[PDB]
Amino acid sequence: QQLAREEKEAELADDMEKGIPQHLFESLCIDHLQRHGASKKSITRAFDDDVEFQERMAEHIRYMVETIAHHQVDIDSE
Amino acid sequence: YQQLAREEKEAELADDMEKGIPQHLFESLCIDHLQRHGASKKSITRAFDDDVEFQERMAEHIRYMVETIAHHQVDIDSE
């Protein structure tokens with residue numbers, strides 16, 4: 001039953017992850033980091049060329065989305 | 001000590017860039033994109049504002065992003 005709750009969370013986080021593709025964060029960075037010394041090329045190289053970065057980026061988006069899935073189910077129970 | 005000075009520059013660049021990326025910019029990204037994908041506004045905000053572990057791990061990834069971009073930027077500064 002806790003194990004049925006984790007299922008709901010994982011399914012929900014599956015859907016959320018789809019609505020949060022990586023280009024949203026790249027856009028964010030281009031828009032907010034240029035004034036801080038980071039050029040389009042560097043942000044672009046991170047997002048399009050850097051394998052390790054892409055993966056660690058996917059890991060965290062999954063964590064973000066698992067965490068809010070968790071809270072969504074909390075409010076579903078209240 | 002040439003490579004240390006490079007890393008120290010990378011690190012200070014990251015310090016600067018980090019100020020451009022407060023957490024609420026990410027909260028807004030999520031409320032703008034996740035509502036069609038199963039999340040309510042409340043759930044996102046609960047994560048961003050009430051969940052202390054989320055905040056810390058959020059801060060740390062942001063710091064990771066900025067160090068990695070800083071690294072790429074100094075590489076480009078040396079080509």
Side-chain angles (χ1 to χ4, degrees), chain A residues 1-36 38-78, chain B residues 10-11 13-73:
Chain A
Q1 177 216 190
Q2 225 302 125
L3 231 127
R5 196 214 216 256
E6 288 170 306
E7 198 171 31
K8 198 176 287 154
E9 295 189 14
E11 270 162 9
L12 193 36
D14 285 349
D15 295 347
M16 291 185 192
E17 206 186 346
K18 290 206 256 157
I20 223 186
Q22 286 194 21
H23 67 82
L24 306 169
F25 300 81
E26 169 180 19
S27 288
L28 204 46
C29 300
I30 291 163
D31 277 6
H32 286 87
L33 291 186
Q34 276 182 293
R35 280 157 62 271
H36 287 277
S39 69
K40 211 161 139 71
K41 247 191 294 187
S42 63
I43 296 152
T44 289
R45 186 181 298 179
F47 279 91
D48 303 335
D49 300 335
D50 187 330
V51 219
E52 201 149 345
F53 180 80
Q54 287 174 164
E55 294 168 336
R56 318 211 77 148
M57 209 58 226
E59 286 164 0
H60 184 74
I61 284 158
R62 181 65 198 191
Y63 161 84
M64 284 182 84
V65 143
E66 281 164 5
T67 307
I68 111 145
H70 180 77
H71 292 104
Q72 185 46 244
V73 179
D74 274 356
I75 92 141
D76 286 358
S77 303
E78 291 161 14
Chain B
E10 277 193 37
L13 193 61
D15 285 10
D16 286 354
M17 290 180 300
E18 204 187 351
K19 318 283 68 159
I21 287 309
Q23 299 199 9
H24 71 254
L25 298 168
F26 290 89
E27 185 189 358
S28 297
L29 205 65
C30 293
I31 117 262
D32 281 2
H33 281 88
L34 291 188
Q35 276 172 278
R36 297 302 322 272
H37 298 269
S40 70
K41 200 146 177 305
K42 279 185 167 47
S43 63
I44 302 153
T45 292
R46 207 174 279 209
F48 280 89
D49 293 350
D50 296 348
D51 183 334
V52 190
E53 193 157 326
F54 183 79
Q55 299 174 147
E56 279 156 15
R57 291 217 17 205
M58 201 69 222
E60 110 66 51
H61 185 72
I62 286 171
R63 176 71 198 189
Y64 162 79
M65 293 168 78
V66 91
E67 284 168 16
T68 316
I69 295 166
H71 179 69
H72 287 122
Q73 182 54 229

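Within every chain, numbering begins at 1; the chains are lettered A, B, ... in the order of the sequence lines, protein sequences first and strands thereafter. Reckoned from all heavy atoms, side chains included, excluding hydrogens, waters and symmetry mates.
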Rounded distance (nearest 0.5 Å) linking atom CD of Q73(B) with atom CZ of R45(A) | 9.0 Å
Stepwise side chain to side chain contact (heavy atoms under 4.5 Å, CB included) check, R62(A) with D14(A) | CA-CA 8 Å; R62(A) 181 65 198 191; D14(A) 285 349; 2.8 Å; yes
Quick one: closest heavy-atom pair of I75(A) and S40(B), and the distance?
-> CD1-OG, 4.0 Å
What's the spacing between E7(A) CD and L12(A) CG if we round to 0.5 Å?
-> 12.5 Å
In short, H61(B) meets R56(A) closest at the heavy-atom pair CE1-O, 3.4 Å
Side chains of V66(B) and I21(B): does their closest heavy-atom pair fall under 4.5 Å?
-> no
Are the charged groups of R5(A) and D74(A) less than 4.0 angstrom apart, N to O?
-> yes
Rounding to 0.5 Å, atoms CD (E78(A)) and CG (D76(A)) come to a distance of 9.0 Å
Could you state the interatomic distance from NZ (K19(B)) to CZ (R35(A)), rounded to the nearest 0.5 Å?
-> 14.0 Å
Any chance you could measure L3(A), atom CG, to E6(A), atom CD, to the nearest 0.5 Å?
-> 5.0 Å
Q23(B) side chain vs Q55(B) backbone, donor-acceptor pair below 3.5 Å = yes
For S43(B) and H71(A), which heavy atoms make the closest approach, and how far apart are they?
-> O-CB, 3.8 Å
Just say parallel, tilted or perpendicular for the rings of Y64(B) and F53(A), cut-offs at 30° and 60°.
-> parallel
To the nearest 0.5 Å, what is the distance between CD1 (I68(A)) and CE (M16(A))?
-> 4.0 Å
Is there a side-chain contact between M58(B) and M64(A), using heavy atoms and a 4.5 Å cut-off?
-> yes
Nearest non-hydrogen partners of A38(A) and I43(A), listed with the distance | O-CD1, 4.0 Å
Which atom pairs, donor and acceptor, lie under 3.5 Å between side-chain atoms of residues 25-33 of chain A and protein residues at least two apart or in another chain?
unit_1	atom_1	unit_2	atom_2	d
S27(A)	OG	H23(A)	O	3.0
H32(A)	ND1	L28(A)	O	3.3

Check whether any side-chain heavy atom of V52(B) sits under 4.5 Å from a side-chain heavy atom of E56(B), and report yes or no.
-> yes
